[PDB]
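Undergrad: Please see the structure below; I have some questions.
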Amino acid sequence: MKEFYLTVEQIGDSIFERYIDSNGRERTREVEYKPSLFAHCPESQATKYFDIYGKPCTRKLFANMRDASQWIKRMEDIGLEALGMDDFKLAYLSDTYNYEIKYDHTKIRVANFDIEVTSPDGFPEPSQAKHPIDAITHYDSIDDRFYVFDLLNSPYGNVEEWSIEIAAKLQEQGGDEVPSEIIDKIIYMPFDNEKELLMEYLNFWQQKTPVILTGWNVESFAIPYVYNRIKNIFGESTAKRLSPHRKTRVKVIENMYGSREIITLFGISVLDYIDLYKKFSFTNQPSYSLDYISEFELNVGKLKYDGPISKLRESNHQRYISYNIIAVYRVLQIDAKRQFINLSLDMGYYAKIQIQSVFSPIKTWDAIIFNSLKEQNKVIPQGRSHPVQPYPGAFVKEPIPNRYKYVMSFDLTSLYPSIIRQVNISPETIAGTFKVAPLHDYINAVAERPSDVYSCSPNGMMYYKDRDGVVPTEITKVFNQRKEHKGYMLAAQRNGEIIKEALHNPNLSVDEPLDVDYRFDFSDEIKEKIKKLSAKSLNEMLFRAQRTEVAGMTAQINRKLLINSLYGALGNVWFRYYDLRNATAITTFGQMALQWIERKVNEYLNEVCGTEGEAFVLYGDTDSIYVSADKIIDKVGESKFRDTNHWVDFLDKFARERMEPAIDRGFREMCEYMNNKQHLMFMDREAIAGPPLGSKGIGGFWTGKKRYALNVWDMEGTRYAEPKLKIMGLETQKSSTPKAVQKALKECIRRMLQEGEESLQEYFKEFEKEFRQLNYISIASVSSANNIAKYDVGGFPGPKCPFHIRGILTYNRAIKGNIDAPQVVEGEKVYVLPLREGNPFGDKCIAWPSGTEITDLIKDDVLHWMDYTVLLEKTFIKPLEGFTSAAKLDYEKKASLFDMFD
DNA sequence: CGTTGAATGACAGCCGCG
DNA sequence: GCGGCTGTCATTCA
């Protein structure tokens, strides 16, 4: 096995790295790394190094890393560019590992932990740790063991031990139902005093120091707390042992509302799962508690329990510890799904960066590019600060609010990355500017062709067409690698079919699973001997067939992740290759594109229908366009279709056969018009929607920009068994919308699209009749609870106090007396409910923690003094109205038509 | 925290009005 | 009271 790195850090004049060596042994070494940078020199000084612009550069080998930056700042003082990799860790890595890293996740120690802390006087502050740490569950991927630490005596109680026999038992028997999978992997350890404990823990830590440190919210609590507790009880020098280099930094993160701090453990990679999840889950959630996120993906959350956590240790210390074990285990199961940890490992190494830098697009690319340009003896531009200037972005069409019966949408492929390639945009391929006519002039093709020599963007930029720029080259490489890997994947899929049938009726022989390369299919070299193989060979082989199957997935996805982040980085000032003009070129170019094709798609449906400038493209947002199909369905006659699937295939046919080509023809003219280095604008039919043939349903409708709904039957070719609702923007997607409502509205919409007004009306009349019977939380609202401070003058409403916050403060006004109440921290979400004026809370609204019941204390007061009328009205009716007006329908019989004017 | 630019829509507060 | 703006606070397409 080729050796790889685990972690790396720079402390003073040296590099501290942890890594696996040629023999799977984790070592750690200090290195007096001598960096190198560069400055522009005289061409007559024949060198082998050149910046991306072409100018010759001379290497500056430094004595140590201080001189490096001491020079970098000294160069900044003289006014001359200092080129090269300043993040010496990055360089160090490229240098120390110059080849493709192949790692063995099995040698990388990945710890996952959680701690419990009994506190009567409110939520325990991590930067204070005023209370004792009374439990710790710390799982380790190496040993595949859960190491538990139970405190038996604290100012808050003295308890028996935790019984694993009981923990295994069933709920109805008195157990905690800790899962059989982990029951043999637990390792209990009780202690007499906190000190006895922490000290053992701190000690167990060194015995098995983590490389990748994860767990839920462990970076803003578990770690900060444990660090500070130990510090307070033993002092900073004891706490710092928490770092394998005994170096820690109290990095202060001044949020956009207030502040809180996190501890930096040099020599460790903190990948807090909540954040890992938040970036790669791709889906907003009304709550990010491990509880909500666990039910959401495995059908079960954390252990349930009677009474408040505040007293769970005393009253039932048994559950309390099982609970702490189950929590560390939910995360482990979620990851068993998402693979986010693995993804990270993969990603980070492909780019040769500190694993946790994965959370950063700017840093991953900077790295990827650097290693590339390095391989070919080129030096990277020096980064430079630039005023943060806002530039234009995507083009969103103002949709005419209406219902649209048949819609067909096509989407441009990787628009932004693609544009960079076709126009060849890069800091060093800028050939120059050109007089610029209005954007519409270039959309109707009535504008003087920009340049007859260079590649062009509608914002006045011109790029060379001979040279292939650094940026586009790099995307194209990624773009290829992906198709490449997703090529080794589509392969294992065929061998998972050839081997699947080899188990329908296996033979009997003393054979071993043949050695092939599932990345590349079978021919005769091994496709032949697929019958004499025993029944034992056939099954162990298919275990080694799909093991790779996923291998591709991981790469193709990390590749897709990069493809998609690139623009963002390019648009970010802290980026090395950032450029305002290039940013605007990209953006402005797609503006032209999307609307140019709009013109083309509009002129082609007008011919094939002999119509008078009918506006076929009803809406388009960024890289896609929705087409009204009505006029097409009528050329054939809506009554000449055997059923639904009939007219769909019709459209699908028309799409591919006639339209796609009309488009490629178009985009090709445009590529010529701008004189780009390469035609890469490719659109694909995406969705096909309309109501169920024969029904009174309307099929779809638009409220306005970013707000519409469709009854789709076929997405990119995959036909559905039952129509599927694609709802965007509407409150049914609004995480802050009640649930009894995020439901109805949804039904309402569906009844609207496949049934029709008659339906909608009946439902509504019901959901309005039986409204007074819903579970308070079901009909409650949501939102982020920020700046709670800025508006609570004496605990009362001040100036411009939002509806949710001024509700939170009617809440404080209710829980001021019982500290066993759950005060709401700033940053998190909070449910809300109106109040039938003339009540206790002497106000308007009362809020509280999202995903949490409302305290018994004040729970049964609300549940009698809450306004339905005003609640129904504002969270269901108000928005429905907005819905049905656009679709031009009525949620309730006998209306006055005139009501739609002015 | 981490990586853009367009766009809704729930509310709080003035302003202009015999 | 009530319709426009302008302006925070929240969320979300692509």
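Letters for chains follow the order of the structure tokens (A, B, ...), residue numbers begin at 1 for each chain, and ligand numbers begin at 1 in the order shown.
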Where in region 636-713 of chain A does DSSP assign strand (DSSP E), given as a VMD selection string?

TA: chain A and resid 683 to 689 700 to 704 707 to 713

Undergrad: For chain B against chain A, which residues fall within 6 Å using only C-alpha atoms (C1' of nucleotides), given as a PDB file with N, CA and C atoms (P, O5', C5', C4', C3', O3' and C1' of nucleotides), in the first residue's frame?

TA:
```pdb
ATOM      1  P    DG B   2     -20.336  31.231   5.582  1.00  0.00           P
ATOM      2  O5'  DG B   2     -19.274  30.324   4.812  1.00  0.00           O
ATOM      3  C5'  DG B   2     -17.911  30.734   4.701  1.00  0.00           C
ATOM      4  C4'  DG B   2     -17.042  29.572   4.273  1.00  0.00           C
ATOM      5  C3'  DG B   2     -17.438  28.912   2.947  1.00  0.00           C
ATOM      6  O3'  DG B   2     -16.267  28.494   2.216  1.00  0.00           O
ATOM      7  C1'  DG B   2     -17.566  27.319   4.705  1.00  0.00           C
ATOM      8  P    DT B   3     -15.674  29.417   1.029  1.00  0.00           P
ATOM      9  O5'  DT B   3     -16.914  29.734   0.077  1.00  0.00           O
ATOM     10  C5'  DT B   3     -16.694  30.367  -1.183  1.00  0.00           C
ATOM     11  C4'  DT B   3     -17.994  30.638  -1.910  1.00  0.00           C
ATOM     12  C3'  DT B   3     -19.079  31.392  -1.142  1.00  0.00           C
ATOM     13  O3'  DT B   3     -19.667  32.338  -2.027  1.00  0.00           O
ATOM     14  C1'  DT B   3     -19.982  29.409  -2.047  1.00  0.00           C
ATOM     15  P    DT B   4     -20.515  33.571  -1.448  1.00  0.00           P
ATOM     16  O5'  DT B   4     -21.051  34.237  -2.789  1.00  0.00           O
ATOM     17  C5'  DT B   4     -21.338  33.412  -3.921  1.00  0.00           C
ATOM     18  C4'  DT B   4     -21.549  34.244  -5.165  1.00  0.00           C
ATOM     19  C1'  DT B   4     -23.567  33.583  -6.201  1.00  0.00           C
ATOM     20  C3'  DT B   4     -22.539  35.388  -4.969  1.00  0.00           C
ATOM     21  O3'  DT B   4     -22.235  36.519  -5.778  1.00  0.00           O
ATOM     22  P    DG B   5     -23.120  37.851  -5.619  1.00  0.00           P
ATOM     23  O5'  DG B   5     -24.357  37.589  -6.578  1.00  0.00           O
ATOM     24  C5'  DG B   5     -24.167  37.349  -7.965  1.00  0.00           C
ATOM     25  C4'  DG B   5     -25.508  37.266  -8.645  1.00  0.00           C
ATOM     26  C3'  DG B   5     -26.436  38.424  -8.275  1.00  0.00           C
ATOM     27  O3'  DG B   5     -27.192  38.813  -9.422  1.00  0.00           O
ATOM     28  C1'  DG B   5     -27.437  36.396  -7.629  1.00  0.00           C
ATOM     29  P    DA B  12     -46.859  43.277  13.161  1.00  0.00           P
ATOM     30  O5'  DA B  12     -45.746  44.405  13.157  1.00  0.00           O
ATOM     31  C5'  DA B  12     -44.389  44.075  13.433  1.00  0.00           C
ATOM     32  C4'  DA B  12     -43.529  45.304  13.285  1.00  0.00           C
ATOM     33  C3'  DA B  12     -44.218  46.554  13.830  1.00  0.00           C
ATOM     34  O3'  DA B  12     -43.282  47.393  14.521  1.00  0.00           O
ATOM     35  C1'  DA B  12     -43.773  46.832  11.512  1.00  0.00           C
TER      36       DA B  12
END
```

Undergrad: Which is closer to residue 334 (chain A) than all the others in A:312, A:655, A:142, A:276, using only C-alpha atoms?

TA: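 Checking each of A:312, A:655, A:142, A:276 against residue 334 (chain A), counting only C-alpha atoms, the winner is A:276.
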
Undergrad: Could you build a table of the residues in chain C lying no more than 12 Å from chain A, giving for each the nearest pair of atoms and their separation in Å rounded to one decimal place, using only C-alpha atoms (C1' of nucleotides), ordered by chain and ascending residue number, as a Markdown table?

TA:
```
| residue | atom | partner | partner_atom | distance |
| --- | --- | --- | --- | --- |
| C:3 | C1' | A:902 | CA | 11.3 |
| C:7 | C1' | A:800 | CA | 10.5 |
| C:8 | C1' | A:800 | CA | 8.3 |
| C:9 | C1' | A:802 | CA | 7.6 |
| C:10 | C1' | A:783 | CA | 7.2 |
| C:11 | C1' | A:734 | CA | 7.3 |
| C:12 | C1' | A:729 | CA | 6.6 |
| C:13 | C1' | A:706 | CA | 5.3 |
| C:14 | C1' | A:622 | CA | 5.4 |
```

Undergrad: When you look at residue 69 (chain A) with a cut-off of 10 Å (counting only C-alpha atoms (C1' of nucleotides)), what residues show up, excluding the ones that are within fewer than 2 positions of it in the same chain? I need them as a PDB file with N, CA, C and O atoms, in the first residue's frame.

TA:
```
ATOM      1  N   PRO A  35       9.697  25.975   2.159  1.00  0.00           N
ATOM      2  CA  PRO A  35       8.830  26.351   1.048  1.00  0.00           C
ATOM      3  C   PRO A  35       9.594  27.045  -0.060  1.00  0.00           C
ATOM      4  O   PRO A  35      10.785  27.361   0.078  1.00  0.00           O
ATOM      5  N   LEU A  37       8.758  30.084  -3.300  1.00  0.00           N
ATOM      6  CA  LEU A  37       7.813  31.008  -3.922  1.00  0.00           C
ATOM      7  C   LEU A  37       8.480  31.563  -5.172  1.00  0.00           C
ATOM      8  O   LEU A  37       9.551  31.101  -5.552  1.00  0.00           O
ATOM      9  N   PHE A  62      13.106  29.136   0.260  1.00  0.00           N
ATOM     10  CA  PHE A  62      13.320  29.734   1.573  1.00  0.00           C
ATOM     11  C   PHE A  62      13.907  28.843   2.657  1.00  0.00           C
ATOM     12  O   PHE A  62      13.708  27.630   2.667  1.00  0.00           O
ATOM     13  N   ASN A  64      13.190  28.749   5.799  1.00  0.00           N
ATOM     14  CA  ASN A  64      12.130  28.213   6.631  1.00  0.00           C
ATOM     15  C   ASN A  64      10.872  28.997   6.315  1.00  0.00           C
ATOM     16  O   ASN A  64      10.929  29.999   5.591  1.00  0.00           O
ATOM     17  N   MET A  65       9.747  28.559   6.874  1.00  0.00           N
ATOM     18  CA  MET A  65       8.461  29.185   6.590  1.00  0.00           C
ATOM     19  C   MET A  65       8.183  30.603   7.102  1.00  0.00           C
ATOM     20  O   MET A  65       7.141  31.183   6.775  1.00  0.00           O
ATOM     21  N   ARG A  66       9.080  31.165   7.905  1.00  0.00           N
ATOM     22  CA  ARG A  66       8.865  32.522   8.403  1.00  0.00           C
ATOM     23  C   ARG A  66       9.394  33.500   7.373  1.00  0.00           C
ATOM     24  O   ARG A  66       8.767  34.517   7.083  1.00  0.00           O
ATOM     25  N   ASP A  67      10.559  33.175   6.825  1.00  0.00           N
ATOM     26  CA  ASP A  67      11.188  33.994   5.801  1.00  0.00           C
ATOM     27  C   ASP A  67      10.206  34.097   4.641  1.00  0.00           C
ATOM     28  O   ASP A  67      10.060  35.148   4.015  1.00  0.00           O
ATOM     29  N   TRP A  71       8.874  37.513   3.568  1.00  0.00           N
ATOM     30  CA  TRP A  71       9.213  37.982   2.221  1.00  0.00           C
ATOM     31  C   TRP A  71       7.929  38.363   1.492  1.00  0.00           C
ATOM     32  O   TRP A  71       7.871  39.380   0.798  1.00  0.00           O
ATOM     33  N   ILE A  72       6.905  37.525   1.654  1.00  0.00           N
ATOM     34  CA  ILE A  72       5.616  37.757   1.025  1.00  0.00           C
ATOM     35  C   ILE A  72       5.054  39.099   1.442  1.00  0.00           C
ATOM     36  O   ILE A  72       4.433  39.776   0.643  1.00  0.00           O
ATOM     37  N   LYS A  73       5.284  39.487   2.690  1.00  0.00           N
ATOM     38  CA  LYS A  73       4.789  40.770   3.181  1.00  0.00           C
ATOM     39  C   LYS A  73       5.770  41.865   2.764  1.00  0.00           C
ATOM     40  O   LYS A  73       5.392  43.021   2.545  1.00  0.00           O
ATOM     41  N   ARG A  74       7.039  41.486   2.653  1.00  0.00           N
ATOM     42  CA  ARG A  74       8.066  42.440   2.261  1.00  0.00           C
ATOM     43  C   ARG A  74       7.857  42.800   0.788  1.00  0.00           C
ATOM     44  O   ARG A  74       8.084  43.945   0.378  1.00  0.00           O
ATOM     45  N   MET A  75       7.423  41.815  -0.001  1.00  0.00           N
ATOM     46  CA  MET A  75       7.142  42.033  -1.414  1.00  0.00           C
ATOM     47  C   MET A  75       5.916  42.926  -1.509  1.00  0.00           C
ATOM     48  O   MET A  75       5.826  43.768  -2.390  1.00  0.00           O
ATOM     49  N   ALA A  82       4.265  38.503  -5.564  1.00  0.00           N
ATOM     50  CA  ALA A  82       4.975  37.386  -4.950  1.00  0.00           C
ATOM     51  C   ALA A  82       4.107  36.184  -5.317  1.00  0.00           C
ATOM     52  O   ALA A  82       3.005  36.041  -4.789  1.00  0.00           O
ATOM     53  N   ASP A  86       1.096  29.992  -0.851  1.00  0.00           N
ATOM     54  CA  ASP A  86       1.357  30.567   0.476  1.00  0.00           C
ATOM     55  C   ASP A  86       0.853  29.658   1.609  1.00  0.00           C
ATOM     56  O   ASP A  86       1.393  29.666   2.713  1.00  0.00           O
ATOM     57  N   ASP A  87      -0.194  28.886   1.344  1.00  0.00           N
ATOM     58  CA  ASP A  87      -0.698  27.946   2.332  1.00  0.00           C
ATOM     59  C   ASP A  87       0.320  26.803   2.273  1.00  0.00           C
ATOM     60  O   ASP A  87       0.091  25.776   1.623  1.00  0.00           O
ATOM     61  N   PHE A  88       1.454  26.998   2.937  1.00  0.00           N
ATOM     62  CA  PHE A  88       2.527  26.007   2.950  1.00  0.00           C
ATOM     63  C   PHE A  88       2.142  24.570   3.305  1.00  0.00           C
ATOM     64  O   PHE A  88       2.919  23.640   3.078  1.00  0.00           O
TER      65      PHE A  88
END
```

Undergrad: Just give me the gap between CA of residue 94 (chain A) and CA of residue 20 (chain A) in Å, one decimal is fine.

TA: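 Calculated distance between CA of residue 94 (chain A) and CA of residue 20 (chain A) is 16.3 Å.
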
Undergrad: Do a neighbour search on residue 155 (chain A) at 10 Å with only C-alpha atoms (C1' of nucleotides), toss out local chain neighbours closer than 2 positions, and write the hits as a ChimeraX atom specification.

TA: /A:118,131-132,153,157-158

Undergrad: Hey, what's within 12 Å of residue 14 (chain B) if we count only C-alpha atoms (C1' of nucleotides) and toss same-chain stuff fewer than 6 positions away? As a PyMOL selection string, please?

TA: chain C and resi 4-7

Undergrad: Near residue 307 (chain A), within 12 Å and counting only C-alpha atoms (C1' of nucleotides), which residues show up once chain neighbours fewer than 5 positions away are dropped, as a ChimeraX atom specification?

TA: /A:312-316,319-320,820,855-856

Undergrad: Could you give me, as an MDAnalysis selection string, each residue of region 38-268 of chain A that DSSP assigns to helix (DSSP H, G or I) when run on this structure's backbone?

TA: chainID A and resid 65:78 88:96 105:107 164:168 171:173 180:183 194:207 222:234 236:242

Undergrad: Could you pull the residues within 8 Å of region 444-461 of chain A, counting only C-alpha atoms (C1' of nucleotides), minus those fewer than 2 positions along the same chain, as number ranges by chain?

TA: A: 423-424, 430-437, 439-442, 463-465, 581-582, 584-586, 588-589, 592, 596, 599, 673-677

Undergrad: What is the distance, in Å and to one decimal place, between CA of residue 499 (chain A) and CA of residue 336 (chain A)?

TA: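 Computed distance, CA of residue 499 (chain A) to CA of residue 336 (chain A), equals 25.9 Å.
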
Undergrad: Between CA of residue 344 (chain A) and CA of residue 143 (chain A), what is the distance, to one decimal in Å?

TA: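 Computed distance, CA of residue 344 (chain A) to CA of residue 143 (chain A), equals 21.1 Å.
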